[PDB]
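Okay, structure first, notes after.
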């Protein structure tokens, strides 16, 4: 229901989670490196009968501490549906190719904004944040997250959207703690997502594929 | 600013068309990878590169009238349901559904963007518009990205046999500009604020809006006139020529150039022009209209008044 | 009359506005790379618009227009082949159609070429415009 | 100013001003780049807590006390019989101090960012370019003398 | 033979047309080289010859056999007096007129006059100008007739006055008449046309020109026009007997109105009181019947058909066909081979990439299809047995480029049972391809092509097929499912042509290319680069780069060396540029890299160093030649490879590192092969 379906009989469902391509705050030249990979034979060398092993290529990887600004957006959720989607954003930790070996990331939620419709683009938040620093991007991650909260509030005041609630700063690091208290408790979590299940199943039989 | 423009609009929607056009001049900037497709490829056409009698042809991306008008239209219907001026529930007296026999005959969408039910009624769209063109060439302006879809088990194989999910798709690049004129005929002041609302409030276009297609609509001028002004193509060909094709310039220089080509063109076509909102008169119009769309009370008053004007039109001249 | 034309076949459909969905068509459109030639006839000077809209999608046409001066028209009568299109419903008495080729169309078929007997205007040495046509004159 | 790049020819000509060997002698790489090998050894060997200005007097003294461990045939200042020996030495010690300050500021400080790890990984590459630049300069002198 | 010869020579008689057989036997295969490459001049000239021949055949006394040969040659030269007597001499021997008859240069006074008065010093060969009367009027009949575009183009005075008064001057006594059908629809339009043909043939009308939508006939001057009410019920009986025979081993009511809407035979009575009813009516089951004819007579599936991946190629005429060429296209559409790209590659990599070789392959399976309908809309259709799209499109895309290059026809390739119907300026492109698999859009080849572009397209398409089948294929299973990746790497950077070559070698378990493949894969890189400067520059630079280091380092390929060996100076130029800090200048990088190259050369064995190994010359100058040969190479790598082409960016050089190294290994083998040949 929240992330959609489209294969086979019984129709298709639009994702209520709206997402976008995100951009590195820094330039590609400061933000990646190429590493070489080998694959020797288990005898510990790249030849198996004096025949060489053709297994040496190189792959490019994004460096640590590089930041990707984002707005992901949720349309028409229930409160448990919000806790599920927010749960995914805090509980996920791996992203790229080769998840099995690489690509851990740290998602800092910097704001939650309730609105009648979509706020600024992902490129626009990135270009605003780059301008606010003038490109002096070698700043510790806390100073960078505290700056992102302030550029985001500047941009929200230029958007033609009624903003019902703007959870930032001390209200956000209380809300994140109240959500950590759900996701660390089996009784609260089973109750809350069981309720969502009913809501999503109700939706399925009343309006969706059933 | 807007308080003076209240003088230009009609006081209520007329039966017969009039020749009072308010024209919105915009640059639509791609922000993330839109997909203006039909038939499995990105839409293009061959065009002359710019207005000065060129030998030089250029294949440019085309965003069809459908592909831009519907994202504006559906983002208006959502707002009207948020305000509770229309509803999605079939047992309510203010139901509207987007095209069918159950389409309304009275709500602001049905009167400004039109309907055709059949013998039970029809209405012409008051927002006239054109297919938009890429400022640069297609070959500079797109890229194809692979996409795959494995089993949740991380794997292209299940039961040891490969899943058939791998394919290319063609995507527009994140800064390519589409000059557009949108034009509204015989509108009330509140109809102009609704439609200008859609132009600034909607942000996703083309296919795959769930994952891609974010655009920034930079409005560059408003022009009141006795008839319709230039085409999108003619604005794009003028803008390409004003730059001489040196397209890799920042968005704000491209918006500042788009204002100067617009005024250069408007002087040449024979329609009389009541007003020309550009520069610092536009940037105050945009902030004072953003302040309507951020205020719960004034927007609920203003769009409610649109409702009455349109319900009154429906019973007096429309499909009843 | 089509002077240069090209066609695009592009699909169009109805939208899934609801979160859940369970028609569509192909349009053979005349494309942006195209130019067509027509002629207007009047008893008086006319403020013709430099932009018009046509068809299913209210699609923009640039009209560039020139008045044919009396130094290049001449009036005559006899038998002539009209190389222009013509609408047979608008054909008056004191014109008669001897031979024709047609292009089949709602709301009525046109002639694409015809041989007529009656009065005409030689507006250049290689086109002839039937004189006295008006809307529905056969009807 | 530009001195963050393009150093290598001046670095070699500045020691070629006080130490030489002819390529007609068919010399070793070790005999060609001798001054730079003493300068880079001194920079990398002494404790990493010492900063620039103490290195220059030590590294210059390591190079004056090492060219006097060789034949006057290799010293085109001390070999000029036209000049009184204390004034040969005044020229010698100002050539060494001017080369060796370009090795401590321009090479180590600017071109290698003052980091002994950056200098160490690219020592052999720096040396190689000085051997070739020495040969390139040796092939200029026979051009200007003919 | 070429396919066009092969189809035409079947349509002609065993006897009393042999001079036209000498034309297809000798002039035609030279013609379509010179004039073959909108409309194509080879197809214009072919239709011009045939239309002059078909009027000559009606002429009420036969012109002498000497004049027939000159009619054929003059109509062949006529699109290209002492200032023209030479231009027929120069062109006639290039068009092989000496194989038609060696005597042709004798008649050059007449042959130059027919192709454009004076005697000009060249006295006439012809028995008397009593033969020059019919001859010139024949030659000018075909030339006008083949620039008609529709059956109606005889009714307008604009071209019809001259076509009548020339017939009057020839004394034929036979009038022009037509049938025309304004809606064309798969089998059903072809059936309608051929029932009009068989029905008017009993009135002794004989067809003279064929068009996509109709026919023009020579006919008696005292003839009754067939009555509207008879041909309508006959063509209903016509379609009903063919579907009748299929069933044996509303639909009239909609069809009788469909002919009265879209069919016209010349001279049927009408009033404009009919168009009043057409407006009053304004204030289909037909295409389902046409699909039922495809199920019956093409043997395509009922109800399951998208899962057979059906792609249709529709072969419209260029403008006009002569009676013999529609009969030739009958022999095509019923006799075409199910194409296999495996032998089409083999016959094109052999023959050294000239696509004119493709003309000679056995494309078919003295007419044998005389009971089949004449193809006014000639459609050919593919079936494949793996289930994917790129596999569905590879044969149709090839056929849709190929058939216009063999036959001068116009193609639309589509999944659609309804076509675009072609007409006189819809004809402004030669090919359309409705919705090809994404390998097409990735190659950047247009989905719509004018006639000049078709050989560029066939070259790029076969170059990528013959490169995909080398690596990422297996001998019995072509794996066209991977074609989009083979295209995307070749288009990204042209040195990937050598990266694909090397993949081939590893599959084949072979460590080294054959001497032939070292030029073949270079001609592919030289082919894909043709329109792009930045790729052409990179390919020229990659050859020059090694041609410079080959002045100072040469491992002998006979000793079966490694890639590490072949590339020792390039591997040490790149490894130094990439490893050194990003702050340092180009003009210092050159000295440290030339030092490393000098240090590395001194670690190899002496025989690999061309400048040092010849002890014939003094050591101090051997050293000077080595230092300048190393320096100029190091200057090309740091200036032109790193600085200019790779924009001075280490990321852009690091991604190209391995494609450069593969391209340089193929360049080293090409230079070595070139040296060991040209030293003779």
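Residue numbers (UniProt numbering), protein chains in the order written: chain A, 111 to 320; chain S, 1 to 320; chain L, 86 to 107, 123 to 239; chain H, 830 to 975; chain V, 2 to 38, 75 to 117, 134 to 169, 184 to 316, 485 to 518, 570 to 651, 661 to 975.
In this text, a Cβ means the ideal position worked out from N, Cα and C, and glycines have one as well.
Worksheet item: Closest Cβ-Cβ distance between residue 228 (chain S) and chain L: below 8 Å?
Response: yes
Item to complete: Could you tell me the distance, in whole angstroms, from the CA atom of residue 149 (chain S) to the CA atom of residue 166 (chain A)?
Response: 27 Å
Item to complete: Alpha carbon to alpha carbon, how far is residue 99 (chain S) from residue 187 (chain A)? Give it in angstroms, no decimals.
Response: Between residue 187 (chain A) and residue 99 (chain S), the alpha-carbon positions lie close to 26 Å from each other.
Discussion item. For residue 111 (chain S), count the other beta carbons within 10 Å of its own beta carbon; 16 or more makes it buried, fewer makes it exposed. Which is it?
Written reply: buried
Worksheet entry | Backbone CA spacing between residue 969 (chain V) and residue 842 (chain V) [nearest angstrom] | Looking at the two C-alpha atoms, the distance is approximately 11 Å.
Worksheet item: Going by C-alpha distance, which of V:99, V:108, V:185 and V:103 is nearest residue 138 (chain V)?
Response: V:185
Worksheet item: Excluding the five sequence neighbours on either side, which residues of its own chain have a C-beta within less than 6 Å of the C-beta of residue 958 (chain V), listed in chain order?
Response: Same-chain partners within the cutoff: 790, 793 and 837.
Discussion item. With three or more C-beta pairs closer than 8 Å as the rule, is the stretch 231-242 of chain S touching the stretch 146-162 of chain L?
Written reply: yes
Fill in: Host alpha helix (DSSP H) of residue 35 (chain V) (start-end)
29-35
Discussion item. Judging by CA-CA distance, which residue of V:762, V:604, V:101 and V:918 is the nearest neighbour of residue 705 (chain V)?
Written reply: V:604
Practice prompt. Pick helix, strand or coil for residue 292 (chain V), following the three-state DSSP scheme.
Written response: coil
Practice prompt. Output yes if chain V places a C-beta closer than 8 Å to the C-beta of residue 122 (chain A); else output no.
Written response: Taking a beta-carbon distance threshold of 8 Å, residue 122 (chain A) does not count as an interface residue toward chain V.
Practice prompt. Under 7 Å Cβ to Cβ from residue 29 (chain S), same chain only, skipping five residues before and after it: list those, please.
Written response: 175, 177, 215, 216, 218 and 251
Worksheet item: Quick one: is residue 224 (chain L) buried, meaning 16 or more other Cβ sit within 10 Å of its Cβ, or exposed?
Response: exposed
Item to complete: Quick one: grab the DSSP three-state call for residue 230 (chain A).
Response: coil
Worksheet item: Mind listing which residues of the stretch 731-754 of chain V have their C-beta closer than 8 Å to chain D's C-betas, in chain order?
Response: Looking at the structure shown, chain D is missing, and the protein chains on hand are A, S, L, H and V.
Worksheet entry | Under 8 Å from the C-beta of residue 306 (chain V): neighbouring residues of chain L | Ordered by position in chain L, no residue passes the 8 Å Cβ test against residue 306 (chain V), which lies about 21 Å from the chain.
Worksheet item: By Cβ distance below 6 Å, which residues in the same chain neighbour residue 274 (chain S) in space, the five residues on each side in sequence not counted?
Response: Cβ within range, chain order: 224.
Worksheet item: Any idea if residue 942 (chain V) is buried or exposed, counting beta-carbon neighbours within 10 angstroms, 16 or more meaning buried?
Response: exposed
Worksheet item: Between the stretch 184-198 of chain L and chain V, which residues of the former have a C-beta closer than 8 Å to a C-beta of the latter?
Response: 188, 189, 191 and 197
Worksheet item: What is the DSSP secondary structure of residue 315 (chain V), reduced to helix, strand or coil?
Response: helix
Worksheet item: Does the count of Cβ pairs from the stretch 42-49 of chain S and the stretch 234-245 of chain S closer than 8 Å reach three?
Response: Three or more Cβ pairs drawn from the stretch 42-49 of chain S and the stretch 234-245 of chain S lie within less than 8 Å of each other, which places the two stretches in contact.
Fill in: Chain-order list of residues whose beta-carbon lies under 7 Å from that of residue 978 (chain H) (same chain, five-residue window excluded)
Residue 978 (chain H) is absent from the structure shown; chain H starts at 830 and stops at 975.
Worksheet item: Of all the residues that make up the stretch 148-181 of chain L, which are near chain V by a beta-carbon distance shorter than 8 Å?
Response: 181
Practice prompt. Compute the beta-carbon to beta-carbon distance between residue 956 (chain V) and residue 862 (chain V), rounded to the nearest angstrom, for a pair I have assumed lies under 8 Å.
Written response: 6 Å
Item to complete: Tell me residue 604 (chain V)'s beta-bridge partners as DSSP assigns them.
Response: None; residue 604 (chain V) has no bridge partner.
Worksheet item: Are the C-beta atoms of residue 243 (chain V) and some chain L residue less than 8 Å apart?
Response: no
Worksheet item: Mind checking residue 175 (chain L): buried by the 16 CB within 10 Å criterion, or exposed?
Response: exposed
Practice prompt. Please work out which residues of its chain come closer than 8 Å, Cβ to Cβ, to residue 101 (chain V), disregarding the five sequence neighbours upstream and downstream, and give them in chain order.
Written response: 194 and 198
Fill in: N-terminal and C-terminal residue of the alpha helix (DSSP H) that residue 584 (chain V) is part of
That residue, residue 584 (chain V), is in no alpha helix (DSSP H); it is neither H nor E in DSSP.
Discussion item. Counting C-beta neighbours from all protein chains within 10 Å, is the total for residue 43 (chain S) 16 or more, i.e. buried, or is it exposed?
Written reply: Residue 43 (chain S) comes out buried.
Item to complete: Would you kindly check if the distance between the Cβ of residue 683 (chain V) and the Cβ of residue 598 (chain V) is under 8 Å?
Response: no
Practice prompt. On a CA-only basis, which of S:34, S:85, S:75 and S:121 is nearest residue 103 (chain L)? Give me that one, please.
Written response: S:75
Worksheet item: Got a sec, what are the start and stop residues for the beta strand (DSSP E) residue 62 (chain S) sits in?
Response: For residue 62 (chain S), the enclosing beta strand (DSSP E) covers residues 57-63.
Discussion item. Am I right that residue 237 (chain V) and residue 212 (chain V) are in contact with their C-beta atoms under 8 Å? What's the rounded C-beta distance?
Written reply: With a Cβ gap of about 13 Å, residue 237 (chain V) and residue 212 (chain V) do not count as contacting.
Worksheet item: Got a sec? Which residues, its chain only, sit under 7 Å from residue 117 (chain S) by beta carbon, not counting five neighbours each side?
Response: 101 and 103
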